[PDB]
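>>> quick one: experimental structure and sequence below.
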Amino acid sequence: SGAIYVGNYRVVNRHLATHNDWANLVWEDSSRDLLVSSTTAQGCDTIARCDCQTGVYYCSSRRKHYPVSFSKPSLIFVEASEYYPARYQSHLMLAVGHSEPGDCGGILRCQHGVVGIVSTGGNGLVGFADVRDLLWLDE
Ligand SMILES: NC(=O)[C@H]1CCCN(C(=O)C(F)(F)c2cnsc2Cl)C1
Ligand SMILES: [Zn+2]
């Protein structure tokens, strides 16, 4: 679990969105596993606007943060799950690091701010849904 709170927006994994997120929907994209909903309170998270390929992510299944080197956002084949059929997920960044299903939503950050959230994993890999291209989160 986990979300990004920036301005009047809440960014979560689309497969973990609640009834309230869908009732306050701003934008969603199944191909990216992202959903954004509106909030009444102001969020103070900062979104990175950079091309960093290193950062630190939070791993809830270890209660620890880990440093990572990750690939540029790209289209990656993801196996079928109870939430989606087998498909290419876009804007996904892979890295070597521990992750379990409940780790989805953990933030990846670089020195410039929030880069994305955990969205896939397995066998010593961790994949992050990028949010740096969503310029409207601030403007
Ligand atoms: N973005 C997706 O399609 C997710 C949906 C939930 C299931 N997906 C996963 O990768 C996983 F949860 F099974 C997993 C396994 N080990 S670490 C993680 Cl994260 C794909
Ligand atoms: Zn950066």
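Yes, it's here. Numbers count the residues shown, from 1 in each chain. Ligands and ions are numbered 1, 2, ... in the order given.
>>> do I have it right that residue 114 meets residue 49?
No. Contact criterion CB atoms under 8 Å: residue 114 and residue 49 do not qualify, at 10.5 Å. All C-beta atoms are positioned from the backbone trio N, CA, C, and that covers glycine.
>>> between the two, who's got more neighbours?
Set side by side, residue 114 and residue 49 show more neighbours around residue 114, with 21 against 12, by other CB atoms under 10 Å.
>>> partner residues bridging the more buried one?
residue 47, residue 109 (DSSP bridges).
>>> what's the helix or strand for the most centrally placed residue in the chain?
What sits nearest the mean C-alpha location of the chain, by CA atoms, centre = their mean, is residue 117, with 2.3 Å. Assigned by DSSP states H and E, residue 117 belongs to strand 113-122.
>>> that strand: what's the following helix or strand?
Following strand 113-122 toward the C-terminus (DSSP H and E): strand 125-130.
>>> please see if the strand holding residue 117 touches ligand 2.
No. Against ligand 2, strand 113-122 shows no contacts by CB under 5 Å from the ion, the least distance being 6.6 Å.
>>> contacting residues around the residue lying farthest from the centre of the chain?
For the chain, the C-alpha farthest from the mean C-alpha position belongs to residue 40; by CA atoms, centre = their mean, that distance is 21.7 Å. With contact set as CB atoms under 8 Å, 6 or more residues apart in numbering, residue 40 has these partners: residue 8.
>>> mind giving me the domain split of the chain?
Using CATH domains of a matching chain, the domain parsing of the chain gives 3-44, 45-139.
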